[PDB]
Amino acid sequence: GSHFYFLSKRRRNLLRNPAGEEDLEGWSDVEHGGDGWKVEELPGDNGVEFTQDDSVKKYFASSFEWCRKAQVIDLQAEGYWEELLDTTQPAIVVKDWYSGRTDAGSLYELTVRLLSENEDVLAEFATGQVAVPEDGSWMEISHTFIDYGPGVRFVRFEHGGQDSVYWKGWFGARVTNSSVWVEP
């Protein structure tokens, strides 16, 4: 069938700037609720250690009203041709890491869609409003989209956070180490 090969050589995070090294570049539809997003260094203020990819240095901190950002991944531009997406329908894997501070609560949300050439929603993974753990530990969201049918051409990845105390500043969910990949 193989194939496996074409997908193994293309296999890479397809999100640009998953951690904040490039500030907010690569992110579109940025919604700066309250004092907006801010990139901060890894251990944050009343934040726990990220023990997991030592190579991740930073995270995006949300504020006192929803902060949302998104990325649309053009699968053809990343090397996946039409027939391969319509026919094989390879696994599209989507992860995010989020956390909260210890002196204040926060909420987190993620939605990811598989879209067609013309923005038709073929598939969707949604968490709804999530309570971020109060103790400050890091949480992994993971989803694998398979058997999604033909037509998938983009992945739209979107996440957000805000605080739960309505505080001037950056007390909302923190997000980092985001990824989407096509897996063999």
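The first residue of the sequence shown is number 1, and the count goes up from there.
Asks: Using only C-alpha atoms and the B-factors in the entry, which stretch averages higher, 52-60 or 144-152?
Replies: Of 144-152 and 52-60, the stretch with the higher C-alpha B-factor average is 52-60.
Asks: Of 156-164 and 11-19, which one has the bigger average CA B-factor?
Replies: That would be 11-19.
Asks: Sort the modelled residues of this chain by their C-alpha B factor and say whether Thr87 lands in the lowest, middle or highest third.
Replies: It belongs to the highest third of the chain when residues are ordered by C-alpha B-factor.
Asks: If you rank the chain by CA B-factor, which third does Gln71 end up in: lowest, middle or highest?
Replies: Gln71: CA B-factor falls in the middle third of its chain.
Asks: Report the third (lowest, middle or highest) to which the CA temperature factor of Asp120 belongs, ranking only the modelled residues of the same chain.
Replies: Middle third.
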